[PDB]
Amino acid sequence: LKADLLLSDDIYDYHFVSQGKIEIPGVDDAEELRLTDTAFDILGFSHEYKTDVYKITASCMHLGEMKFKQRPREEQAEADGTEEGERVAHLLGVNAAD
Amino acid sequence: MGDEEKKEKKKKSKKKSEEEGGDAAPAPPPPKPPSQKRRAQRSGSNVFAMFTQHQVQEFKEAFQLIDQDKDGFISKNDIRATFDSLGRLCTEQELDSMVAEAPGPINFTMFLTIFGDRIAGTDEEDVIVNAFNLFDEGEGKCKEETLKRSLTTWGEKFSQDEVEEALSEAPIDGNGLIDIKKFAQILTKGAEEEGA
Amino acid sequence: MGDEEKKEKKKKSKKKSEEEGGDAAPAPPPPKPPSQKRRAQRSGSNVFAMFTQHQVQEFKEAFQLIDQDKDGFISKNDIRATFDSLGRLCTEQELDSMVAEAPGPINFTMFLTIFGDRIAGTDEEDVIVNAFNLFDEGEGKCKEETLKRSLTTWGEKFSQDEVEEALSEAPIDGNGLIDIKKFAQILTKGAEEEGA
């Protein structure tokens with residue numbers, strides 16, 4: 001998935017140093033989704049439809065991916081090791097630059 | 001793609017203030033990717049060519065006392081040992097910003113980009129001098145007692161420990177504070193002791 | 001904590017003097033509170049024309065040419081082939097003694113540093129060149145007779161052979177010497193092939 005949906009992993013990063021990677025006390029990022037996929041299964045959502053929902057969800061993520069901290073030339077935030085918000089626009093069906 | 005350019009410019013990046021807040025608190029810093037070279041570019045600069053003919057002999061003249069990798073390098077570890085004998089204290093809060101202008105593979109080409117960064121720094125001349133230089137209407141010097149007023153008043157009300165140490169240290173050339181030199185002493189021309 | 005400096009610097013010493021020839025002893029400053037070590041500076045540098053501009057540099061750039069097989073480490077053979085490129089060769093025992101003036105591996109580390117300290121021998125250009133300048137009475141040309149009177153008598157007294165040998169090569173413009181030019185025949189950019 002990390003390869004198909006194009007994600008690098010820088011740690012603290014680039015040009016001048018600092019932080020994170022805001023960690024979450026005692027709730028695990030892995031499990032809770034499987035609790036909810038079974039919830040969707042009970043409502044009625046078929047397998048492709050569960051992926052297409054999880055797809056538009058991840059599409060909102062890549063719009064940001066504002067990690068680890070804020071930018072100089074603008075104003076804005078971008079995403080590290082490039083790949084960036086092109087990745088949003090592949091997952092839609094519209095052009096990246098706009 | 002760009003990942004690679006910024007692998008290169010991860011070692012060479014490193015250069016300039018995200019962990020600015022070492023001793024003083026973590027401020028909203030500058031940051032990240034290949035685009036944002038152009039308002040990392042601020043005022044304070046000057047750029048020279050590669051060949052020196054014999055302009056910068058001084059690196060071959062001085063090198064002797066100072067070395068690390070005599071092929072022609074300094075690496076991430078050196079600053080932690082020679083600078084001890086060249087100037088200021090290094091703490092763990094400020095490590096990477098004390099090393100800030102230099103934590104990349106400084107070959108001669110990137111020695112040029114320590115030199116150009118002596119002329120950039122942390123807001124050199126253009127800012128550092130002119131900051132008080134633009135106070136008065138003519139050949140001024142900064143009006144000391146009004147400077148004491150603003151330090152206790154203006155926005156972030158300071159504390160006494162600063163002021164008194166500042167007062168014994170004040171280079172008052174006759175009835176007002178000579179800020180232009182209390183700043184421009186770190187260059188002009190005409191001495192030879194510390195710094196390096 | 002109060003540690004990540006002092007750990008990291010143990011790398012430094014490996015490319016430089018501390019293995020290769022530790023006459024030039026360092027001193028590590030920091031005790032456990034780091035803001036104290038600020039009394040460790042190298043204060044003072046320039047004497048006169050220390051690394052004589054026309055002499056010192058155009059050698060290190062030529063390291064790639066002494067370094068024959070391209071490893072940084074000159075053997076007696078990397079020398080041996082390169083003097084064969086200049087013009088006249090000196091023998092092994094002559095070069096072996098020269099090599100033994102250094103402590104071992106004449107490489108980029110050793111070569112530069114031995115060059116670095118050796119400044120005594122010759123006199124600086126202005127010093128030799130001013131010798132008949134200060135002697136002329138109001139600017140004309142100085143009589144080769146008084147030069148010939150002083151050398152043989154008023155100080156250390158050179159031999160009949162020594163004197164008239166060094167005399168002969170003289171731009172003698174009509175009984176006086178062209179002083180600065182013969183001073184250039186004593187010292188200037190010229191003679192090769194003598195080391196290294």
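Positions of Cβ are generated from backbone atoms using ideal geometry, with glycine treated the same way; all protein chains shown enter the neighbour counts. All of the numbers you see were taken from the coordinates with simple rules; none came from a lab.
Data for the structure
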| read-out | value |
| --- | --- |
| Top-ranked residue in segment C:1-40 [being outside any loop (DSSP other than H, G, I, E, B) and touching a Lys or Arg at 6+ places or on another chain (Cβ under 7 Å); ranked as surrounded by the fewest Cβ atoms within 10 Å (Cβ to Cβ)] | C:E8 |
| Yes/no for C:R80 being surrounded by 12 or more Cβ atoms within 10 Å (Cβ to Cβ), in contact (Cβ under 8 Å) with a residue 12 or more places away in the chain and basic (K, R) | yes |
| Some residue of segment A:26-46 being surrounded by fewer than 10 Cβ atoms within 10 Å (Cβ to Cβ), outside any loop (DSSP other than H, G, I, E, B) and within 14 Å of the chain's Cα centre (by Cα) | no |
| Any pair with Cβ under 7 angstrom, 6 or more apart, that starts in segment A:60-82 at a residue that is facing chain B (nearest Cβ under 7 Å) and ends at one that is part of a loop (DSSP other than H, G, I, E, B) and among the hydrophobic types (A, V, I, L, M, F, W, C) | A:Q70/A:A77; A:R71/A:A77; A:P72/B:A40; A:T82/B:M1 |
| Enumeration of residues in segment B:52-77 that are among the charged types (D, E, K, R) and surrounded by 15 or more Cβ atoms within 10 Å (Cβ to Cβ) | B:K60, B:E61, B:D67, B:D69, B:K70, B:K76 |
| Tabulated pairs, segment B:146-169, first in contact (Cβ under 8 Å) with a residue 12 or more places away in the chain, second of a type in the set (A, V, I, L, M, F, W, C), C-beta under 6 angstrom, 6+ apart or interchain | B:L151/B:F158 |
| Tally, over segment B:54-100, of residues that are among the charged types (D, E, K, R), assigned to a helix (DSSP H, G or I), more than 7 Å from chain C (Cβ to nearest Cβ) and over 15 Å from B:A196 (Cβ atoms) | 1 |
| Index of the failed condition, C:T113 passing every other in (1) under 17 Å from the mean Cα position of the chain (by Cα); (2) free of Cβ contacts under 8 Å to residues at least 60 places away in the same chain | (2) |
